[PDB]
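Colleague:
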Amino acid sequence: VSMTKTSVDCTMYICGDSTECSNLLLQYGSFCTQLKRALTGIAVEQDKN
Amino acid sequence: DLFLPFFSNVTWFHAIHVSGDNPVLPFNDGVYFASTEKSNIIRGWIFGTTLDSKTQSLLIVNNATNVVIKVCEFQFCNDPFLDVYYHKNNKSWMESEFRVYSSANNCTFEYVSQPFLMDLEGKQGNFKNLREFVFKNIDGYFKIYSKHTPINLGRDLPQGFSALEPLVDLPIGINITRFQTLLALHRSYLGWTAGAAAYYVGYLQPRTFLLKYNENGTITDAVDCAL
Amino acid sequence: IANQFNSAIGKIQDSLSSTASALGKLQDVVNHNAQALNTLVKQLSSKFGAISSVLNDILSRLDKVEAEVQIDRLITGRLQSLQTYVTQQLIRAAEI
Amino acid sequence: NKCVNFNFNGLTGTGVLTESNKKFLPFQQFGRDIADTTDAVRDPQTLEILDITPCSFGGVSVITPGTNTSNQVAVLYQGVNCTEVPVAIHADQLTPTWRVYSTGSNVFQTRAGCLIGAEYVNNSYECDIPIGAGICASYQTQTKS
Amino acid sequence: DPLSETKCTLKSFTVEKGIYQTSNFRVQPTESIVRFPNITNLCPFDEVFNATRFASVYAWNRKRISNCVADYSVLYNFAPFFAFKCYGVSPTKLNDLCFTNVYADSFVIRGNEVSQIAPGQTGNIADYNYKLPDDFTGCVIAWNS
Amino acid sequence: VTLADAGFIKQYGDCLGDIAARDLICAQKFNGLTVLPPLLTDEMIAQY
Ligand SMILES: *[C@@H]1O[C@H](CO)[C@@H](O[C@@H]2O[C@H](CO)[C@@H](O[C@H]3O[C@H](CO)[C@@H](O)[C@H](O)[C@@H]3O)[C@H](O)[C@H]2NC(C)=O)[C@H](O)[C@H]1NC(C)=O
Ligand SMILES: *[C@@H]1O[C@H](CO)[C@@H](O[C@@H]2O[C@H](CO)[C@@H](O[C@H]3O[C@H](CO)[C@@H](O)[C@H](O)[C@@H]3O)[C@H](O)[C@H]2NC(C)=O)[C@H](O)[C@H]1NC(C)=O
Ligand SMILES: *[C@@H]1O[C@H](CO)[C@@H](O[C@@H]2O[C@H](CO)[C@@H](O[C@H]3O[C@H](CO)[C@@H](O)[C@H](O)[C@@H]3O)[C@H](O)[C@H]2NC(C)=O)[C@H](O)[C@H]1NC(C)=O
Ligand SMILES: *[C@@H]1O[C@H](CO)[C@@H](O[C@@H]2O[C@H](CO)[C@@H](O)[C@H](O)[C@H]2NC(C)=O)[C@H](O)[C@H]1NC(C)=O
Ligand SMILES: *[C@@H]1O[C@H](CO)[C@@H](O[C@@H]2O[C@H](CO)[C@@H](O)[C@H](O)[C@H]2NC(C)=O)[C@H](O)[C@H]1NC(C)=O
Ligand SMILES: *[C@@H]1O[C@H](CO)[C@@H](O)[C@H](O)[C@H]1NC(C)=O
Ligand SMILES: *[C@@H]1O[C@H](CO)[C@@H](O)[C@H](O)[C@H]1NC(C)=O
Ligand SMILES: *[C@@H]1O[C@H](CO)[C@@H](O)[C@H](O)[C@H]1NC(C)=O
Ligand SMILES: *[C@@H]1O[C@H](CO)[C@@H](O)[C@H](O)[C@H]1NC(C)=O
Ligand SMILES: *[C@@H]1O[C@H](CO)[C@@H](O)[C@H](O)[C@H]1NC(C)=O
């Protein structure tokens, strides 16, 4: 009926709290927000199901 | 990395001096070497490309305490071995002459180190003990790993598990192609004195293994992925 | 009819008490969501052509112009690892 | 037991250091995890093995009625025990600069996380905003007395 | 405040009723800790650069550096050096950083052939005298002598 | 059916020390991967 909800800190997964990695990651724009949104979409659906 | 393949065909050598034949071994990729001999009759090794002073070569000699390692244009003898005997002028036991080589020419590297791999704590009544070594030569660096384990008298090289810890490392900076091992013959003056020396050799190969670390962080099992 | 039903419910308890894998359709969902996160955390070890996968090694050993071409490989590969995980989870979520 | 930047033999990083239960073999300097990152180290001055654990962290979620309905909000520290929010007080530096929620007085432990700025009430209602683990939150007048 | 954090997370000046995931909190490092081995003598490598004569390149001389403080700056201030070319490290980091085994390979070269000391090159020095790996970690230093 | 996490509180005392050597959930959590709890508890589903 459902599966485990998951949330990801995109920033912490890609960059291990490096600030210069985080400043490079901003060159890629909205992809981290798209991932977060998509996972939030999946997670909210498990309760709906 | 570079391992002894599982269930692989190892050579088992018996050597004996017989009181009143032993051609040089190849050394390709690296060597697993193992022995179970009592009374320290097996000591050390030669490794080299030519062994006759035309090019540099490696010598390792153990004795009753500490090791010497030397890298040199040695002219080795066709039978290199170590003698230790009672010298009456010193009233004690030591080596007479370095009958492993006819000459040592201009050597390039000289090294000395801790004894390693003694017999059991206070010895025991012929319950046995296996000593195991790995010798590897990569990027001009010569790496030594070893272990020993007590073994009950089923048979030597028993089924079970134990991994070799690294023990010594040295950048000999030379080609290796062949090798030999030094016996300690007892040579009791009243002349010579016979003794046997059993040892196993098994060359390693470039291989992938899956290693099972237990919660203590020791390799308690492995799979040879090409067996 | 009651005795047949009462014995048929009895066989459900016996079947669920004896057999290992009858709930495989639910355990497979747990196993796939666990395998996917273990896979995603494995891809942190991957170098993607950088000198190390460990971000702190690069920042211990390089300076702020040649470090960046290492860090950018790791960003590129890790961002692809998340885009793969999230696509696989969006596809799984449609099956669920 | 405190969050620090560390450097062991050039191995820079950030974490809390702790007495490990790990029996390193004498030839080993570093111990490592499934993500290929160092999680234990042998101190080079006194030969003891330290666990490294990353300094405490978590997701944050903000619970709001409509902005046209109110400007007041509640904050969920997701996956956090509320006894660790007394460590998340801005006495040392934290990522969220808005310390004011940390004033508490109405702090509540949900199994989803520590929930702050929302008062827990016994009388159940339909789920308005879902917090998780059976808890929901709503904006309304509470005047039972 | 946490409402303003949602407004920037949503890029909207009005936020409708809901629960919104925002920037993850982290406890920051309280202080900086360094642990190197408490060995004290300055490295003997100055005695190689100041030698009466260097090795010939067909027999290039390799020296172990061990158990010592590698303060490279006072060495770079002992003699003018024409090159520095570090490959696996940046020269600025060499103070903050520790080493497992350090070997100086030392010899004399015509200025033309210094071009072949770079990793993976080809030419008489690199082909037959002295081949460092195409992936070696270290620095090449040279000066007209 | 035996679960790998259910999204409930880990008090950080759970995560440090020995458990990170034996439970993968910690490696996951220390890399920003979080299992969230369901809105209805198993008691709340048993009621329905
Ligand atoms: C095992 O064999 C080793 C040699 O293969 C041997 O090492 C040698 O030990 C002696 C005594 O310590 C040293 O002799 C020198 O001692 C001082 C040095 O200042 C001088 O008074 C002497 O005249 C002499 O030069 C040797 O130098 C040393 N050889 C090496 C290569 O270091 C071990 O002692 C042997 N072990 C046992 C238990 O006998
Ligand atoms: C990993 O290393 C551990 C430490 O050496 C080891 O734990 C030790 O295990 C032995 C054998 O079970 C215990 O020996 C005692 O066992 C019982 C009492 O618990 C008695 O009947 C015995 O006579 C004996 O006193 C040690 O006490 C125990 N040590 C500790 C600190 O727990 C683990 O077993 C090792 N891991 C593996 C996989 O074996
Ligand atoms: C329709 O199917 C029924 C089975 O689902 C069947 O009921 C079974 O009938 C037999 C007897 O014919 C019973 O067997 C027992 O009978 C007595 C004890 O009561 C003993 O002498 C026997 O050794 C044996 O224990 C079954 O217990 C009974 N099963 C159930 C669930 O009641 C009907 O007889 C069938 N009817 C027709 C018309 O075919
Ligand atoms: C070790 O062996 C011999 C003898 O010491 C050395 O050969 C001599 O080398 C010098 C210097 O190049 C020449 O002047 C002689 O003419 C050489 N003698 C012969 C007979 O050829 C050899 O160079 C030494 N090697 C090392 C590494 O020291
Ligand atoms: C939040 O963390 C604290 C510890 O910081 C937990 O308190 C412990 O709880 C157990 C069980 O009741 C007691 O045996 C301990 O003595 C308590 N320790 C302290 C220092 O008070 C608390 O239970 C945790 N809460 C949740 C919801 O997990
Ligand atoms: C090992 O190889 C030799 C040939 O080199 C062969 O005579 C011997 O029987 C082999 N033994 C096994 C167990 O394969
Ligand atoms: C620091 O150096 C001194 C002098 O050699 C030594 O006694 C001490 O043991 C060293 N410190 C530690 C923690 O070992
Ligand atoms: C906000 O609430 C008021 C009533 O308080 C309502 O009239 C208005 O239409 C609402 N606006 C929005 C954007 O929800
Ligand atoms: C809920 O009711 C109990 C008495 O049944 C009371 O002790 C408790 O204080 C109430 N909860 C709150 C949040 O006050
Ligand atoms: C080089 O070493 C000698 C001692 O052998 C010393 O006198 C000299 O001062 C050193 N060179 C410099 C530039 O200090």
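Residue numbers (the numbering used here), protein chains in the order written: chain A, 1338 to 1386; chain B, 6 to 232; chain C, 3 to 98; chain D, 112 to 256; chain E, 56 to 200; chain F, 41 to 88.
All residues carry an ideal CB built from backbone N, CA and C; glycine is no exception.
#1: Could you tell me whether the Cβ of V41(F) comes closer than 8 Å to any Cβ of chain A?
#2: List the residues of chain D whose Cβ lies closer than 9 Å to the Cβ of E137(B), in chain order.
#3: If you count every other CB in all the chains shown that lies within 10 Å of the CB of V129(E), and 16 or more means buried, which is it?
#4: Tell me which residues pass a beta-carbon proximity test against ligand 2: closer than 6 Å to any heavy atom, given in chain order.
#5: When the Cβ atoms of the stretch 157-173 of chain E are set against those of the stretch 222-230 of chain B, are three or more pairs found closer than 8 Å?
#6: May I ask you to check if the CB of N233(D) is nearer than 7 Å to at least one heavy atom of ligand 9?
#7: Would you mind sorting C63(E) into buried or exposed? The rule is 16 or more other CB atoms within 10 Å of its CB.
#8: Identify every residue that forms a DSSP beta bridge with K69(F).
#9: Let's see if you can read the secondary structure: which residues bound the beta strand (DSSP E) around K217(B)?
#10: Mind checking whether the beta-carbon of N33(B) lies closer than 7 Å to any heavy atom of ligand 6?
#11: Just list the alpha helix (DSSP H) runs in the stretch 70-131 of chain E, keeping only unbroken ones of 4 residues or longer that don't cross its boundaries, in chain order.
#12: Just to check, is the beta-carbon of residue 133(C) closer than 7 Å to a non-hydrogen atom of ligand 7?
#13: Taking its Cβ as the centre, do 16 or more other Cβ atoms sit within 10 Å of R90(E), making it buried, or is it exposed?
#14: Taking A44(F) as the query, report the chain I residues whose CB atoms sit under 7 Å from its CB, ordered along the chain.
#15: Collect the residues with a C-beta less than 5 Å away from any heavy atom of ligand 7 and give them in sequence order along the chain.
#16: Cβ of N150(E) less than 8 Å from any chain A Cβ?
#17: Compute the Euclidean distance between the alpha carbons of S107(B) and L187(B), then round it to the nearest angstrom.
#18: Near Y91(B), what residues of its chain come up, given a Cβ to Cβ distance below 8 Å and the 5 sequence neighbours on each side ignored?
#19: Taking only beta-carbon atoms, is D1346(A) less than 8 Å away from chain E?
#20: Just to confirm, are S87(E) and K118(E) a CB contact at a threshold of 8 Å?
#21: Does the contact criterion of 3 or more C-beta pairs under 8 Å hold for the stretch 115-128 of chain B versus the stretch 23-33 of chain B?
#22: Can you check the stretch 138-170 of chain E for any beta strand (DSSP E) of at least 3 residues that lies completely inside it and give the ranges in chain order?
#23: Taking Cβ-Cβ distances shorter than 7 Å, what residues in chain C pair up with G121(D)?
#24: Measuring only the C-alpha atoms, how far is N221(B) from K133(D)?
#25: With hydrogens ignored, establish whether the beta-carbon of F133(E) is closer than 7 Å to any heavy atom of ligand 10.
#26: Return yes when at least one heavy atom of ligand 1 lies under 7 Å from the C-beta of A69(B), else no.
#27: Are the Cβ atoms of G159(B) and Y37(B) separated by less than 8 Å?
#28: Are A244(D) and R222(D) touching if we call contact CB-CB under 8 Å?
#29: Residues of chain A with CB closer than 8 Å to the CB of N79(E), please, in chain order.
#30: Have a look at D203(D) and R210(D) and give me their C-alpha separation to the nearest angstrom.
#31: List the endpoints of the continuous beta strand (DSSP E) containing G12(C).
#32: Contact criterion: CB-CB distance below 8 Å. Does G222(B) meet it with respect to chain D?
#33: If the cut-off is 8 Å on Cβ atoms, which residues from the stretch 154-171 of chain B count as contacting chain D, listed in chain order?
#34: Considering Cα atoms alone, identify which of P163(B), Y218(B) and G178(B) is closest to residue 240(B).
#35: Throw me the rounded Cβ distance for the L7(B) and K141(B) pair, which I believe falls under 8 Å.
#36: Are the C-beta of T1377(A) and some C-beta of chain E separated by less than 8 Å?
Modeller: Walking through what the data contain:
#1: no
#2: In chain order: nothing, as chain D lies at least about 16 Å away.
#3: exposed
#4: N219(B) and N221(B)
#5: no
#6: yes
#7: exposed
#8: None, per the DSSP bridge assignment.
#9: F214 to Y218
#10: no
#11: 101-104 and 127-131
#12: A query on residue 133(C) cannot be resolved here, the shown segment of chain C reaching from 3 to 98 and no further.
#13: buried
#14: Annotation note: the requested chain I is absent from the structure, which comprises protein chains A, B, C, D, E and F.
#15: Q156(D), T157(D) and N93(E)
#16: no
#17: 15 Å
#18: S97, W98, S193 and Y194
#19: yes
#20: no
#21: no
#22: 157-161
#23: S62
#24: 7 Å
#25: yes
#26: yes
#27: no
#28: yes
#29: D1346, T1348 and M1349
#30: 11 Å
#31: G12(C) -> not in any beta strand (DSSP E); alpha helix (DSSP H) instead, spanning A4 to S20.
#32: yes
#33: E170 and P171
#34: One cannot answer for residue 240(B) here, as it falls past the ends of chain B, which runs 6 to 232.
#35: 6 Å
#36: yes
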